[PDB]
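Engineer: sequence-free structure coming up:
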RNA sequence: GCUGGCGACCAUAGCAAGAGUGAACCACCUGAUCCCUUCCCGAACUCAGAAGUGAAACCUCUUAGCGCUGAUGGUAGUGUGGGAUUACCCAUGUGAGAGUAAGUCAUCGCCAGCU
RNA sequence: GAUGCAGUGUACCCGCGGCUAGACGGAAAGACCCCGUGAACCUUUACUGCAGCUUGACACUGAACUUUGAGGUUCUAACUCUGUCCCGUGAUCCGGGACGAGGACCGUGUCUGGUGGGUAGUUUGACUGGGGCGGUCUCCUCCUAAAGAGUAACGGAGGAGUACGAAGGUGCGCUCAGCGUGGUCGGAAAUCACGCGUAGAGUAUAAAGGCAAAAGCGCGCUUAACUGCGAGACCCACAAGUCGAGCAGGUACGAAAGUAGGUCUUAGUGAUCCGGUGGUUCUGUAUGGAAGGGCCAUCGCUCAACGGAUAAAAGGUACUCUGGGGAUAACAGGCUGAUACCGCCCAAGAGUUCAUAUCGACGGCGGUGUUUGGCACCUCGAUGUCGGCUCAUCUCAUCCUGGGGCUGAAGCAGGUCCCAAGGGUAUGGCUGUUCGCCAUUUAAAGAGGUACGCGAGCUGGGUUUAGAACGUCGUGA
RNA sequence: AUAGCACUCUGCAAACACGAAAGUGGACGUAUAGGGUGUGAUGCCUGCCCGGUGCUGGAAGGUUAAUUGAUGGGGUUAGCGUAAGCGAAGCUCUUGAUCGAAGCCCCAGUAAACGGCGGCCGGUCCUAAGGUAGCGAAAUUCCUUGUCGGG
RNA sequence: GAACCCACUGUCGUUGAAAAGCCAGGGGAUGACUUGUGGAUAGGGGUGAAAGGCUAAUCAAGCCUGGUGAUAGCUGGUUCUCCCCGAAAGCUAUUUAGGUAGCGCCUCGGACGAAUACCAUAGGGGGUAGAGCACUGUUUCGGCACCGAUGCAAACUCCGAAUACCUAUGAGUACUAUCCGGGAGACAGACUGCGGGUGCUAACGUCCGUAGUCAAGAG
RNA sequence: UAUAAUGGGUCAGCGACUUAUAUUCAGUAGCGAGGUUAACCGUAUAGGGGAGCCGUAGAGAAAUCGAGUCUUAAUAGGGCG
């Protein structure tokens, strides 16, 4: 008899809106367990590290800063 | 484990909150300021049996 | 042409070693009266000041020393069609990683002082 | 596992007497095995009723004297006699009468506690390389998972069924770990001071994704671990789950711009029904109230078989039965060849010396389809056998006889290898045996395939129905 | 099954059985009789255990039913109150003190009652107690075609 | 030891002379014996020197008639013709696993037309193949845990494709997409190639992803 | 599945999606902001019979309001119309 045989339910993480798409305020952009992407301009962060848009515009990804962090922002 | 308790408004409105508590580390009755929607003011709430 | 502040950028821009700067600015610097301060200490924070020094520190300059960047060519992998089954071959499209030649001791913007 | 398909060989048309190798021959919707939220009967400390037995209270049920509500003594008139006598009456039933022995007891009705396989109705999960035994059943993290999401196995590894009034909020402030020098006990390693390189420390707890405006570590003040909501999205069969700017009211911390709707995040959970507690400008069976119901808030689940059949449930059947399945096991066939058997390559060495006369370690490569196995493709509206008897047919990896090479072959014998399938190739004791051991023979008493050849050719000793007994297991069947 | 043996129940309107009852069998019998249970002529015999379940005998201690209904709390209205509210009696909803048997808990006996007669390396642990006579590879022995003797 | 009552062995018989027998042998045969006539016991009952035996060729609960056309998630069967379209054997839950329910896939009617798809161009995130040793582990040889060489990894990563996937614009081709309603079936799949787990890099083996064929398709 | 998986020896005759009620959808006809009767009476498929049913208004648990209503301190926001 094996001592294995368990696993957890899926969580459906990942990027929901890619670069170049238009969003409205409140749209969820990234679902993530940790902070792989950071919040840029017009982007807010939830209590579970979810990134969402706070204004209408176009999504844009970039790499910025002295630590080389990945940022996502919304251009109005 | 942790026991359940009610915090009852001292204004006499009957409003209450519910929470848990460690009886060993907290033998005394709990008292804390909270909002009371019945009178729309902050007042002191005191511990009581949850029954 | 120097000094200070605030940004763009985040190593071709960083570390390391060596050398300079006191007019102004900055830095150490004097003591602790009042404001304020240390689970103790005017060491840090703070106040009241210029008798000393550019020693340290911060800036500027030089060096390829460490680091970082990095081709061209080839190789591995791979979508579609065909031929084979120890995982290859042909046609067509695509194309790394590592390594080699080589490069680098940054580049810009706003304001205020001194020549 | 083919009379009927492909290739090929053979074969003029039709009877009669025999024979049983095949037509998976005929016969009985398999009885073995599994399944169905099928059946019957049996057992018990399975669940739940009832009969029977038993306890007390009330009624039938009365009187007179005593003692510390109860107990005692006495009586007769209720009531009992399957005791005697008389009458109906010609009668061991029955009724009436007279006696006698008992007597408010016994017994019966209603209510009530106990006991209750005597009897009755039922329950006793699923997954599963057949079923049983074992393990598992809900949630979180990683891999499998093929660079969006999702993705199975009785695949490989680990965790959860909590904790905290601060370990929450805010303002201000601070950086770990390691090594090296010195410095009392003090050292491998307690604390102190100074250096070197450096995230390897820490984050209540498993792993992963993260963490300098530190999300890590301290101090002061505090309760936003608030009320009413909520544009817009993620995920999704449903029921559920997740993120959220912003608006109003009341707060906390900051000089202020501001931050705060619990904790770095992802586990720490349970629908509906039925009840309990607080509040309420709801309802209220003629009317006024009330009881009860509604609405808002909250409490009672290892319902863990975790979408939870009931408030309440275990076993046996060889005494068995029905509906089904070759969807699924035991025999034989099939695929495979781990295992089994046979052959070959290399060669440490053994063989007085000499690897190869004969053996040959450590390793390597194949063949066959006689073994033990793996799978579940055929057959469950039946393919019905362990051994013996009778009768066979084929293979060659040859037991004897025939022909040869080498030899550590003097001769006689022997060893090893090559060619060769024409013929031949024991009787008994023991046991159901196949096998094996033993006795005595023979030139020899070979190894295998043929549904482990052959039971519509024979037998029926073994296994495997119903009877009975022993050992052992069970309370028992 | 049996003759024989043992245990146990039954005092007569017997125990027991059939039947809803009336009644009937037991029996026109009476403990040398009748029912139930086990063993199985005869010979020699029949060891230990009462912790468990059962049965028998005690106890009046604890627990407990129907019945009973002391207290306490509500609903309603005469009235008293500016109002809020208070509010007897009478009806009614509920709460439930006290009394209360058998059984069970407790204490003994009983195995020809149902049952049991050990472990781990002489010792030790544990039991209610650890197998007496007799027999033994047996209708019981897996290993096993045990070993030896006879045929 | 005859009659009479039984039923131990064997042959035959087995669509029999016979729905239990014949033949040759066998046991008891004054007793707990055999037998005629007439009576009693009735179905959860009877009777049983006890085999679950017997109770009219029927017994782990007789036969007959009623409830009754019991129920059966199971097996079988389902009858004339032509035209059009055309599946699935998956996910989730289930005392559920060969049943069923919601969704996915089919068909018919209505609404509404480019909102759809193929391809080109542009924008975008990734951590697989490959590779590497910078972390975590593991490996060989030297020098003194470090230093120089040297290998390996599903649960290692300083790196890192091709394809797939999301969005916007656009030519050409095509009854495309979407919404609202009526009716379903199906929830046992198989093989082959490619990427894998398990198994022995066995199986016409088993479990997933992806494409083709069969299923439902002849030549 | 030629299957060595099931069923049928052959012929003739018989043999299996019905009936009643309720409800929803689609066709078709009458009337149309309206439509329609049931039991019953009736020498009776006529004619009477308007009780009742469907449509015409939602929101809210409900009392209550009503083109609005519920939640709320809110005329804010939001849900159903």
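Structural biologist: Received it, and whenever you're ready, just let me know what you need. Numbers count the residues shown, from 1 in each chain, chains lettered A, B, ... in the order given.
Engineer: Please name the nearest non-neighbouring residue to the residue nearest the centre of chain A.
Structural biologist: Nearest to the mean C-alpha position of chain A, counting by Cα atoms, centre = their mean, stands residue A:30 at 2.1 Å. For residue A:30, ignoring the flanking residues on the chain, the nearest one in space by Cβ to Cβ, 6 or more residues apart in numbering or on different chains is residue A:51 at 4.3 Å. The C-beta positions use only the backbone N, C-alpha and C, and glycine is treated the same way.
Engineer: For that neighbour, give its distance to residue A:32.
Structural biologist: Separation of residue A:51 from residue A:32 (Cβ to Cβ, to the nearest Å): 7 Å.
Engineer: Compare neighbour counts for those two and give me the winner.
Structural biologist: Taking neighbours as other Cβ atoms under 10 Å in any protein chain shown, residue A:51 and residue A:32 compare with residue A:51 leading, 24 against 15.
Engineer: check contacts around the more buried one.
Structural biologist: A:28, A:29, A:30, A:32, A:37, A:39, A:43, A:44, A:45, A:72 (Cβ atoms under 8 Å, 6 or more residues apart in numbering or on different chains).
Engineer: among the residues you listed, which ones are buried?
Structural biologist: Among the contacts of residue A:51, those classed as buried by 16 or more other Cβ atoms under 10 Å in any protein chain shown are A:29, A:30, A:37, A:39, A:43, A:72.
Engineer: wait, the fifth one sits on residue A:73?
Structural biologist: Yes - contact between residue A:43 and residue A:73 holds when scored by Cβ atoms under 8 Å: they sit 5.8 Å apart.
Engineer: Residue A:3 - how many residues pack around it?
Structural biologist: By other Cβ under 10 Å, the residues close to residue A:3 number 5.
Engineer: residues of the strand ranked longest in chain B that come out buried?
Structural biologist: Using DSSP state E, we find that the single longest strand of chain B is strand B:41-49. Buried residues in strand B:41-49, counted by 16+ other Cβ under 10 Å: B:43, B:45, B:47.
Engineer: for these, which one is nearest residue B:8?
Structural biologist: residue B:45 (6.3 Å; Cβ to Cβ).
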